[PDB]
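Undergrad: What follows is a single structure, and I will ask about it in a moment.
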Amino acid sequence: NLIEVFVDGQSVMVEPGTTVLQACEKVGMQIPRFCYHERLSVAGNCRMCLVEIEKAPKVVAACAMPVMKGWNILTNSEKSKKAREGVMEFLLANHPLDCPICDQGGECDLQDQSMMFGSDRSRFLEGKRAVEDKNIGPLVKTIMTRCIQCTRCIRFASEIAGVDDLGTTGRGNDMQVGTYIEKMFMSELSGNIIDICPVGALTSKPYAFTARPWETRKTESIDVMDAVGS
Amino acid sequence: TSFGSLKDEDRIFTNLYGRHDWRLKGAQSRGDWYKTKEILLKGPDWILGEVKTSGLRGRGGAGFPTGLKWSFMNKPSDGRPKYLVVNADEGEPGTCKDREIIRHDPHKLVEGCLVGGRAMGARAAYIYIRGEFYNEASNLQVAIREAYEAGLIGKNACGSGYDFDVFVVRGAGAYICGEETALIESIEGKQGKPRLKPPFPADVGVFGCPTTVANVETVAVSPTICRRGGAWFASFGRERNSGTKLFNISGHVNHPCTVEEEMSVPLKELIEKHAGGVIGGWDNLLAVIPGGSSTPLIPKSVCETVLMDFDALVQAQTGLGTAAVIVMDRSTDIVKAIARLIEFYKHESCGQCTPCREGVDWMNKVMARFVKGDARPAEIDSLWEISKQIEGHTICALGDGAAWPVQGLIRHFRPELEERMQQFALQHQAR
Amino acid sequence: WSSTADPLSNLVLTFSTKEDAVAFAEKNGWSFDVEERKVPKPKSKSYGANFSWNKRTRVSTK
Amino acid sequence: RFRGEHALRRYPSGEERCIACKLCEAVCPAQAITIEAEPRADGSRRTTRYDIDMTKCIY
Amino acid sequence: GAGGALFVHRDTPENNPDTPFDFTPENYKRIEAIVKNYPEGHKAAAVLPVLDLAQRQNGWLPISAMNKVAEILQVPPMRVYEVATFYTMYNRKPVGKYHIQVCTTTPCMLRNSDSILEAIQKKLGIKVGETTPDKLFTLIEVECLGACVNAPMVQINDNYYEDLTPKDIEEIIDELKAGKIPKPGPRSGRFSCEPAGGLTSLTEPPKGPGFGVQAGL
Amino acid sequence: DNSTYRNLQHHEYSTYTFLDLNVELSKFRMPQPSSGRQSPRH
Ligand SMILES: Cc1cc2nc3c(=O)[nH]c(=O)nc-3n(C[C@H](O)[C@H](O)[C@H](O)COP(=O)(O)O)c2cc1C
Ligand code: SF4
Ligand code: SF4
Ligand code: SF4
Ligand code: SF4
Ligand code: FES
Ligand code: FES
Ligand SMILES: [Mg+2]
């Protein structure tokens, strides 16, 4: 049967094996996340989803930790806020200043989560990291200095598209996401990496520089290019 | 009561220093491979009880009850293989005990693997040895071949009806692959980035099977504990810290070495007895790192009266770690030494998760500026806060181990940092 | 520039409930098409499925 | 600090400073700025249309 | 500091997928022995040993060798590239005949490891990441090698030379370039990790079998 | 007599010593467990 957990003291009935992030979503709280995608596997590396359990001295990765009976999840606690601020601080410390020239622009998860969960000032007094851009076809434009090594594109590529030509090379702060060779990521499902990349590292090349998200009007229609009716 | 003065009749790791034969005949000249069949017939529950009574704690860093861990592994079979994984990726900066155990007591290591596998119900034992230890791995393979020929391992091991295999896996250079979950990942032919708990290795380990990771010294002292009692092993040591331990004394010392002593020998006595003391005398001591790079440093004041023990060093805002005693005398640059340690951590970071990755690179840069004073006094507390953000927010314990030396340096030698910054400010002002 | 002649081109209204929106549209006399809210189905996520002993869910990279 | 007639500046090299980021268009209270951009022949992020209506601008 | 080696591959005449490479039949037998050390359905676990064997055979790891290993193990070439780039013991670029690796961590830095490095640099006339013009020696800095009590030390082709002094390391380099093979181990008179002053432990003969065995067994 | 270093057999090993030792004790092994499939990709 369902077990009883608590989110900020509010009782929730969840199935065994449900994660902390899913319990908070069920109660109505969307925990900030970068590497977590519901359609993909659980990676738990960006560490942005760390939350505090009421009696646990250590924060837990909400996207990977299954809930136990009688767990009180403190979503808006001081420890959770400090953890989110620290993770955002590291991300933006190594992130480059490209927002005006970056197509992700006003629809960026890094920007929005920085404005909602991170600090507003920088303590980084050193130089930043620069990463050589790759070329993976005429559809996806890669500016890899903006990558946050969230491994969404790798996981999507392998699991969904059945193509394992993406991965991380090297280790440490020098880890780079790409192909390691001049190979184009050509597949019939290669725009979804543009969609799911939380930052502007992977962007649409035909759409490059043309518009900004706040200007666009969204019309909900269907697809006719095939018989799927997407 | 007093601790130390361990007797050669009670030292578990005989043949240390390689002064006796390391082959099967040499090991059998000592107590090795004695009544192993009787122990296996005693079975898993008896071995686990003996280990619990002995109270052996984890010898490869974080000291956990090995009896409790193996009891965790002692769940009933559910249609999957069972593995004991012996960690020999001795990448900790200061440790040579595992190398000595492998190179000089390979049959002790193999018998310990067999006993642990019998206690865990394990079909196989993968000894993951670091790739730099090529000669040690070859000696281990020679000993394994001798054991197989003698029938001590293989089907019907030691004539007990229990089938057990021992394999040796040579890793590449990765201090992160030293870690248990990263080691499991490296065995499976992946990059070697640590997993997230849960699932715990006792539930999902290498190949997805129940596998338990144990240190070389832990598995090597297991069969001696089984052959002997464990009341004796508990007698050697304090109440909650029992047994003998291998200490690697190195650095600014007269006679750097690796020795075996009681688990609560005072640090000053150990340095003055088994290593010839500090080079300029004990009055010339500056700092000591008692458990490898991960553990923080303690100054001479703490080292004067402290016991080389888990709880004793925890009460000293430090840890026992892997019992690697690095001694730094008064004529050294402590800031530069800690900067070199942080650079090591930056080089050895697997880079999977953001806090350790970015923060360790950031702290490397900050310390590189600190060692020349090219900073401001307001940045010391900023560095402390960065270390606190790194610590506890990472997948594996390398993030915590990369911030503890920084915290120790800030805690015990802040005046030195401020003095160096003031010196740099004065020098820049003059020009 | 992009000219227009439709006064209600930029007119978007917010309603808390489908019933409220339908009532407003009916009382104002416009025709209306109602589309039901699409909520994602609950999904079972497990970190340990990435290391399955005998299932295809095992991942080849991290 | 006087606000008068508008102008588009350049770097000393002669290259245009504007990068088609549309921040001015977004923040313009009177919606007096219209911007359309595309990749240039050398791949730069440069505008093709940058119109300001001085009868609509509030300066 | 920066490693100085890139983690992307650009095709060159000396390093391209068309570079001829294959295992010798003895190495194929070794691969067959290695592969069945892992459970059925987990052939991917042999990537590291097979790559190490390929590097031992060829002297370094070209992209052709990586692709051949991927074909042999039926694993993705990108996964093979991930492993090869992650692990630092794999030579993705040609190196000299003798790969001197000076350990420069704090336990070795406390002793004059800088003296060892300077002596090696002046003996060969190369920098800390270069190769001698005759393709004989390559010199690099490495992290802890597990011989801290025997600091300072270097590793030259899976052999440890410990307790080094500038004269000792210069003699080792001269002996290597002459053609002989020096004996690995401490050069200061010690045989192993024992204290130089003398054996402070294990000075009495070891006890025989069943010295303090329990009454139960 | 504990004055002679008896761990001198390791000044003979060659490039393929470890792998040859692994080959030699291949016959001493036992049948490996099977996951039921050729590869996780199958
Ligand atoms: C040789 C060796 C190296 C280790 N390296 C690391 C490391 O880099 N990071 C880490 O968090 N733990 C490291 N550990 C500790 C492991 O996480 C784990 O505690 C150990 O392998 C098994 O614990 P035990 O002492 O109970 O046997 C290491 C352990 C050993 C034996
Ligand atoms: S990815 Fe986001 S934070 Fe980075 S430059 Fe683009 S808009 Fe700015
Ligand atoms: S390129 Fe984008 S999707 Fe891929 S790891 Fe980097 S941030 Fe994530
Ligand atoms: S803490 Fe560092 S070494 Fe450990 S998983 Fe995270 S990135 Fe890797
Ligand atoms: S779009 Fe506007 S705000 Fe942005 S660079 Fe051009 S003139 Fe400046
Ligand atoms: S969302 Fe959980 S660690 Fe990334
Ligand atoms: S620090 Fe050099 S061998 Fe360990
Ligand atoms: Mg994107």
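Here, A, B, ... name the chains of the structure tokens in the order displayed, residue numbers run from 1 inside each chain, and ligands are numbered from 1 in the same displayed order.
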Select from chain D every residue with an atom at most 12 Å from any atom of chain C, then for each give the shortest pair of atoms and their distance in Å to one decimal, using only C-alpha atoms, rows by chain and rising number, as CSV.

TA:
residue,atom,partner,partner_atom,distance
D:32,CA,C:1,CA,11.7
D:33,CA,C:1,CA,11.1
D:34,CA,C:1,CA,8.4
D:35,CA,C:1,CA,10.5
D:36,CA,C:1,CA,10.9
D:49,CA,C:1,CA,10.4
D:50,CA,C:1,CA,11.4
D:51,CA,C:1,CA,9.6
D:52,CA,C:1,CA,11.6
D:53,CA,C:1,CA,11.2

Undergrad: Could those residues be written to a file, using N, CA, C and O atoms, as a PDB file, in the first residue's frame?

TA:
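Dumped to again.pdb:
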ATOM      1  N   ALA D  32       8.750  51.814 -28.977  1.00  0.00           N
ATOM      2  CA  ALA D  32       9.184  52.617 -30.108  1.00  0.00           C
ATOM      3  C   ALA D  32      10.354  52.006 -30.863  1.00  0.00           C
ATOM      4  O   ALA D  32      10.829  52.614 -31.825  1.00  0.00           O
ATOM      5  N   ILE D  33      10.828  50.830 -30.462  1.00  0.00           N
ATOM      6  CA  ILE D  33      11.986  50.191 -31.077  1.00  0.00           C
ATOM      7  C   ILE D  33      11.548  48.872 -31.695  1.00  0.00           C
ATOM      8  O   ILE D  33      10.868  48.071 -31.044  1.00  0.00           O
ATOM      9  N   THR D  34      11.931  48.654 -32.951  1.00  0.00           N
ATOM     10  CA  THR D  34      11.679  47.409 -33.663  1.00  0.00           C
ATOM     11  C   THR D  34      13.012  46.843 -34.125  1.00  0.00           C
ATOM     12  O   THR D  34      13.816  47.562 -34.723  1.00  0.00           O
ATOM     13  N   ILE D  35      13.252  45.564 -33.845  1.00  0.00           N
ATOM     14  CA  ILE D  35      14.532  44.930 -34.138  1.00  0.00           C
ATOM     15  C   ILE D  35      14.283  43.593 -34.819  1.00  0.00           C
ATOM     16  O   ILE D  35      13.433  42.813 -34.376  1.00  0.00           O
ATOM     17  N   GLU D  36      15.021  43.336 -35.898  1.00  0.00           N
ATOM     18  CA  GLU D  36      15.050  42.036 -36.557  1.00  0.00           C
ATOM     19  C   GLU D  36      16.490  41.711 -36.913  1.00  0.00           C
ATOM     20  O   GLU D  36      17.191  42.554 -37.479  1.00  0.00           O
ATOM     21  N   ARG D  49      17.287  44.917 -39.178  1.00  0.00           N
ATOM     22  CA  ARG D  49      16.358  46.026 -39.020  1.00  0.00           C
ATOM     23  C   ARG D  49      16.475  46.558 -37.604  1.00  0.00           C
ATOM     24  O   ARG D  49      16.364  45.791 -36.644  1.00  0.00           O
ATOM     25  N   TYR D  50      16.695  47.867 -37.475  1.00  0.00           N
ATOM     26  CA  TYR D  50      16.698  48.542 -36.174  1.00  0.00           C
ATOM     27  C   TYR D  50      16.015  49.892 -36.374  1.00  0.00           C
ATOM     28  O   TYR D  50      16.655  50.874 -36.756  1.00  0.00           O
ATOM     29  N   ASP D  51      14.714  49.931 -36.106  1.00  0.00           N
ATOM     30  CA  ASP D  51      13.894  51.114 -36.310  1.00  0.00           C
ATOM     31  C   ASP D  51      13.530  51.733 -34.970  1.00  0.00           C
ATOM     32  O   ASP D  51      13.189  51.023 -34.020  1.00  0.00           O
ATOM     33  N   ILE D  52      13.609  53.057 -34.893  1.00  0.00           N
ATOM     34  CA  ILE D  52      13.110  53.811 -33.751  1.00  0.00           C
ATOM     35  C   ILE D  52      12.125  54.848 -34.264  1.00  0.00           C
ATOM     36  O   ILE D  52      12.457  55.640 -35.153  1.00  0.00           O
ATOM     37  N   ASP D  53      10.919  54.840 -33.707  1.00  0.00           N
ATOM     38  CA  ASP D  53       9.896  55.819 -34.048  1.00  0.00           C
ATOM     39  C   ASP D  53      10.037  56.997 -33.093  1.00  0.00           C
ATOM     40  O   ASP D  53       9.705  56.886 -31.910  1.00  0.00           O
TER      41      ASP D  53
END

Undergrad: List as an NGL selection string the protein and nucleic acid residues lying within 6 Å of ligand 6, with only C-alpha atoms and all ligand atoms counted.

TA: :A and (33-36 or 44-49 or 61-63)

Undergrad: Give me, as a PyMOL selection string, the residues of chain F that a backbone DSSP run labels alpha helix (DSSP H).

TA: chain F and resi 17-24

Undergrad: Please, could you write that set of residues out with N, CA, C and O atoms as a PDB file, in the first residue's frame?

TA:
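The resulting file, again28.pdb, is shown below:
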ATOM      1  N   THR F  17      53.964 -10.047 -18.297  1.00  0.00           N
ATOM      2  CA  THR F  17      54.038 -11.009 -17.200  1.00  0.00           C
ATOM      3  C   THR F  17      52.688 -11.179 -16.514  1.00  0.00           C
ATOM      4  O   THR F  17      52.244 -12.306 -16.260  1.00  0.00           O
ATOM      5  N   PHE F  18      52.020 -10.066 -16.203  1.00  0.00           N
ATOM      6  CA  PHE F  18      50.736 -10.138 -15.514  1.00  0.00           C
ATOM      7  C   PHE F  18      49.697 -10.862 -16.359  1.00  0.00           C
ATOM      8  O   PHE F  18      48.964 -11.723 -15.858  1.00  0.00           O
ATOM      9  N   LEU F  19      49.629 -10.538 -17.650  1.00  0.00           N
ATOM     10  CA  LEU F  19      48.631 -11.164 -18.506  1.00  0.00           C
ATOM     11  C   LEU F  19      48.953 -12.629 -18.768  1.00  0.00           C
ATOM     12  O   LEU F  19      48.036 -13.445 -18.890  1.00  0.00           O
ATOM     13  N   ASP F  20      50.236 -12.988 -18.845  1.00  0.00           N
ATOM     14  CA  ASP F  20      50.593 -14.397 -18.976  1.00  0.00           C
ATOM     15  C   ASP F  20      50.225 -15.178 -17.721  1.00  0.00           C
ATOM     16  O   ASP F  20      49.757 -16.319 -17.809  1.00  0.00           O
ATOM     17  N   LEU F  21      50.429 -14.582 -16.544  1.00  0.00           N
ATOM     18  CA  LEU F  21      49.979 -15.224 -15.313  1.00  0.00           C
ATOM     19  C   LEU F  21      48.466 -15.388 -15.307  1.00  0.00           C
ATOM     20  O   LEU F  21      47.948 -16.424 -14.875  1.00  0.00           O
ATOM     21  N   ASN F  22      47.741 -14.376 -15.786  1.00  0.00           N
ATOM     22  CA  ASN F  22      46.288 -14.483 -15.881  1.00  0.00           C
ATOM     23  C   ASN F  22      45.877 -15.599 -16.837  1.00  0.00           C
ATOM     24  O   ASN F  22      44.898 -16.312 -16.588  1.00  0.00           O
ATOM     25  N   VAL F  23      46.605 -15.754 -17.943  1.00  0.00           N
ATOM     26  CA  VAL F  23      46.326 -16.842 -18.878  1.00  0.00           C
ATOM     27  C   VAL F  23      46.576 -18.191 -18.217  1.00  0.00           C
ATOM     28  O   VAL F  23      45.813 -19.145 -18.410  1.00  0.00           O
ATOM     29  N   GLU F  24      47.649 -18.292 -17.428  1.00  0.00           N
ATOM     30  CA  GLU F  24      48.037 -19.583 -16.866  1.00  0.00           C
ATOM     31  C   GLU F  24      46.968 -20.139 -15.934  1.00  0.00           C
ATOM     32  O   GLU F  24      46.647 -21.331 -15.991  1.00  0.00           O
TER      33      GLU F  24
END

Undergrad: Based on only C-alpha atoms, which of the residues in chain F come within 8 Å of chain C? I want them as number ranges by chain.

TA: F: 35-37, 40-42

Undergrad: For those residues, write N, CA, C and O atoms to a file as a PDB file, in the first residue's frame.

TA:
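Now in selection24.pdb:
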ATOM      1  N   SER F  35      24.070 -13.575 -17.330  1.00  0.00           N
ATOM      2  CA  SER F  35      22.982 -12.622 -17.169  1.00  0.00           C
ATOM      3  C   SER F  35      21.751 -12.985 -17.985  1.00  0.00           C
ATOM      4  O   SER F  35      20.711 -12.337 -17.826  1.00  0.00           O
ATOM      5  N   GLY F  36      21.839 -13.997 -18.846  1.00  0.00           N
ATOM      6  CA  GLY F  36      20.734 -14.397 -19.687  1.00  0.00           C
ATOM      7  C   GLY F  36      20.681 -13.722 -21.039  1.00  0.00           C
ATOM      8  O   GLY F  36      19.846 -14.103 -21.870  1.00  0.00           O
ATOM      9  N   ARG F  37      21.539 -12.737 -21.289  1.00  0.00           N
ATOM     10  CA  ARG F  37      21.583 -12.049 -22.569  1.00  0.00           C
ATOM     11  C   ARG F  37      23.036 -11.812 -22.950  1.00  0.00           C
ATOM     12  O   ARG F  37      23.922 -11.760 -22.093  1.00  0.00           O
ATOM     13  N   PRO F  40      23.897  -5.978 -22.537  1.00  0.00           N
ATOM     14  CA  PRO F  40      22.771  -5.114 -22.147  1.00  0.00           C
ATOM     15  C   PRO F  40      22.096  -4.444 -23.328  1.00  0.00           C
ATOM     16  O   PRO F  40      20.913  -4.095 -23.239  1.00  0.00           O
ATOM     17  N   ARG F  41      22.813  -4.252 -24.434  1.00  0.00           N
ATOM     18  CA  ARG F  41      22.222  -3.714 -25.651  1.00  0.00           C
ATOM     19  C   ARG F  41      21.357  -4.727 -26.387  1.00  0.00           C
ATOM     20  O   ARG F  41      20.661  -4.348 -27.335  1.00  0.00           O
ATOM     21  N   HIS F  42      21.387  -5.995 -25.988  1.00  0.00           N
ATOM     22  CA  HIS F  42      20.565  -7.019 -26.620  1.00  0.00           C
ATOM     23  C   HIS F  42      19.233  -7.162 -25.894  1.00  0.00           C
ATOM     24  O   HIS F  42      18.643  -8.241 -25.867  1.00  0.00           O
TER      25      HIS F  42
END

Undergrad: Taking only C-alpha atoms and all ligand atoms into account, list the residues no farther than 7 Å from ligand 5, as a list in words.

TA: residues 100 of chain A; 17, 18, 19, 20, 21, 22, 23, 24 and 25 of chain D

Undergrad: Hey, can you check how far CA of residue 33 in chain C sits from CA of residue 21 in chain C?

TA: 10.7 Å

Undergrad: Write out as a list in words each polymer residue whose atoms come within 8 Å of range 339-341 of chain B, counting only C-alpha atoms; drop sequence neighbours fewer than 6 positions from it.

TA: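 Skipping anything fewer than 6 positions along the chain leaves residues 293, 364, 367, 368, 371 and 405 of chain B; 105 and 106 of chain E.
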
Undergrad: Taking 2 positions as the minimum chain separation for residues in the same chain, which residues sit within 8 Å of residue 154 in chain B when counting only C-alpha atoms? Answer as a ChimeraX atom specification.

TA: /B:148,151-152,156-157,163-165 /F:28-30

Undergrad: Report as a PDB file with C-alpha atoms, in the first residue's frame: the residues of chain D with a DSSP assignment of strand (DSSP E or B), based on the backbone of this structure.

TA:
ATOM      1  CA  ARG D  10      30.698  51.527 -33.012  1.00  0.00           C
ATOM      2  CA  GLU D  16      28.921  47.938 -34.773  1.00  0.00           C
ATOM      3  CA  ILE D  33      11.986  50.191 -31.077  1.00  0.00           C
ATOM      4  CA  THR D  34      11.679  47.409 -33.663  1.00  0.00           C
ATOM      5  CA  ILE D  35      14.532  44.930 -34.138  1.00  0.00           C
ATOM      6  CA  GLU D  36      15.050  42.036 -36.557  1.00  0.00           C
ATOM      7  CA  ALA D  37      18.312  40.102 -36.753  1.00  0.00           C
ATOM      8  CA  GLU D  38      19.975  37.178 -38.504  1.00  0.00           C
ATOM      9  CA  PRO D  39      23.467  35.662 -38.737  1.00  0.00           C
ATOM     10  CA  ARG D  45      24.943  38.383 -34.258  1.00  0.00           C
ATOM     11  CA  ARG D  46      23.962  41.614 -36.001  1.00  0.00           C
ATOM     12  CA  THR D  47      20.657  43.336 -36.703  1.00  0.00           C
ATOM     13  CA  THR D  48      19.157  43.695 -40.159  1.00  0.00           C
ATOM     14  CA  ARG D  49      16.358  46.026 -39.020  1.00  0.00           C
ATOM     15  CA  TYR D  50      16.698  48.542 -36.174  1.00  0.00           C
ATOM     16  CA  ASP D  51      13.894  51.114 -36.310  1.00  0.00           C
ATOM     17  CA  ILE D  52      13.110  53.811 -33.751  1.00  0.00           C
TER      18      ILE D  52
END

Undergrad: List all protein, DNA and RNA residues that have any atom at most 9 Å from ligand 3, counting only C-alpha atoms and all ligand atoms, and write the list as a count of residues only.

TA: 32

Undergrad: Using only C-alpha atoms and all ligand atoms, find each protein or nucleic acid residue lying at most 10 Å from ligand 7; present the set as a PDB file with C-alpha atoms, in the first residue's frame.

TA:
ATOM      1  CA  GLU B  90      46.136   3.075  -2.745  1.00  0.00           C
ATOM      2  CA  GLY B  91      45.992   6.593  -4.178  1.00  0.00           C
ATOM      3  CA  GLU B  92      45.899   8.314  -0.803  1.00  0.00           C
ATOM      4  CA  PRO B  93      48.924  10.643  -0.511  1.00  0.00           C
ATOM      5  CA  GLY B  94      50.813   9.158   2.422  1.00  0.00           C
ATOM      6  CA  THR B  95      49.798   5.497   2.437  1.00  0.00           C
ATOM      7  CA  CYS B  96      51.962   2.465   1.638  1.00  0.00           C
ATOM      8  CA  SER B 250      56.822   9.991   6.258  1.00  0.00           C
ATOM      9  CA  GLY B 251      57.815  13.571   5.566  1.00  0.00           C
ATOM     10  CA  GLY B 292      46.595  11.234   4.711  1.00  0.00           C
ATOM     11  CA  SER B 293      45.603  14.276   2.707  1.00  0.00           C
ATOM     12  CA  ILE B 326      52.955  13.079   7.275  1.00  0.00           C
ATOM     13  CA  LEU B 341      47.366  18.862  -1.722  1.00  0.00           C
ATOM     14  CA  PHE B 344      46.310  17.020  -6.211  1.00  0.00           C
TER      15      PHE B 344
ATOM     16  CA  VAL E 102      58.385  12.086 -11.021  1.00  0.00           C
ATOM     17  CA  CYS E 103      55.950  12.059  -8.104  1.00  0.00           C
ATOM     18  CA  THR E 104      55.469  15.642  -6.916  1.00  0.00           C
ATOM     19  CA  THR E 105      52.878  15.460  -4.145  1.00  0.00           C
ATOM     20  CA  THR E 106      53.348  16.832  -0.630  1.00  0.00           C
ATOM     21  CA  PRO E 107      54.799  13.665   1.008  1.00  0.00           C
ATOM     22  CA  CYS E 108      57.407  13.574  -1.764  1.00  0.00           C
ATOM     23  CA  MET E 109      57.625  17.375  -1.941  1.00  0.00           C
ATOM     24  CA  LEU E 110      58.697  17.518   1.712  1.00  0.00           C
ATOM     25  CA  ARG E 111      61.840  15.694   0.660  1.00  0.00           C
ATOM     26  CA  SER E 113      61.690  15.947  -5.067  1.00  0.00           C
ATOM     27  CA  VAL E 142      52.628  12.661 -11.478  1.00  0.00           C
ATOM     28  CA  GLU E 143      50.713  12.464  -8.211  1.00  0.00           C
ATOM     29  CA  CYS E 144      51.237  10.032  -5.329  1.00  0.00           C
ATOM     30  CA  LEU E 145      52.521   6.654  -6.524  1.00  0.00           C
ATOM     31  CA  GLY E 146      52.120   4.733  -3.266  1.00  0.00           C
ATOM     32  CA  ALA E 147      55.772   4.913  -2.190  1.00  0.00           C
ATOM     33  CA  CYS E 148      55.501   7.881   0.171  1.00  0.00           C
ATOM     34  CA  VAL E 149      57.723   6.411   2.893  1.00  0.00           C
ATOM     35  CA  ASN E 150      60.401   5.966   0.202  1.00  0.00           C
ATOM     36  CA  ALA E 151      60.280   9.559  -1.036  1.00  0.00           C
ATOM     37  CA  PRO E 152      61.513  10.945  -3.352  1.00  0.00           C
ATOM     38  CA  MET E 153      60.810   8.420  -6.120  1.00  0.00           C
ATOM     39  CA  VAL E 154      60.117   8.123  -9.840  1.00  0.00           C
ATOM     40  CA  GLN E 155      58.462   5.480 -12.002  1.00  0.00           C
ATOM     41  CA  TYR E 160      59.899   2.074  -8.897  1.00  0.00           C
ATOM     42  CA  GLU E 162      62.968   5.123  -4.594  1.00  0.00           C
TER      43      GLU E 162
END
